[PDB]
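To start, the structure under review is shown below, and the notes come after it.
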Amino acid sequence: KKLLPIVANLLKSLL
């Protein structure tokens with residue numbers, strides 16, 4: 001539900 005290309009950015013790094 002959206003917010004997927006953000007929380008995921010902080011999790012790992014660039015990707």
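Ordering of the structure tokens sets the chain letters (A, B, ...); residue numbers start at 1 within each chain; ligands are numbered from 1 in the order shown.
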What parts of chain A does DSSP call alpha helix (DSSP H)? I'd like the answer as a list in words.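 DSSP-assigned alpha helix (DSSP H) residues in chain A: residues 4, 5, 6, 7, 8, 9, 10 and 11 of chain A.
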Write the residues you've just listed into a file as a tab-separated table (two decimals), in the first residue's frame, and include C-alpha atoms for each of them.
```
chain	number	residue	atom	x	y	z
A	4	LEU	CA	7.04	0.98	-0.31
A	5	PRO	CA	9.64	3.17	-2.14
A	6	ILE	CA	10.58	4.98	1.08
A	7	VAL	CA	10.64	2.67	4.10
A	8	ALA	CA	12.62	0.35	1.96
A	9	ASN	CA	15.08	3.10	1.07
A	10	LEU	CA	15.97	3.70	4.72
A	11	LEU	CA	16.05	-0.02	5.47
```
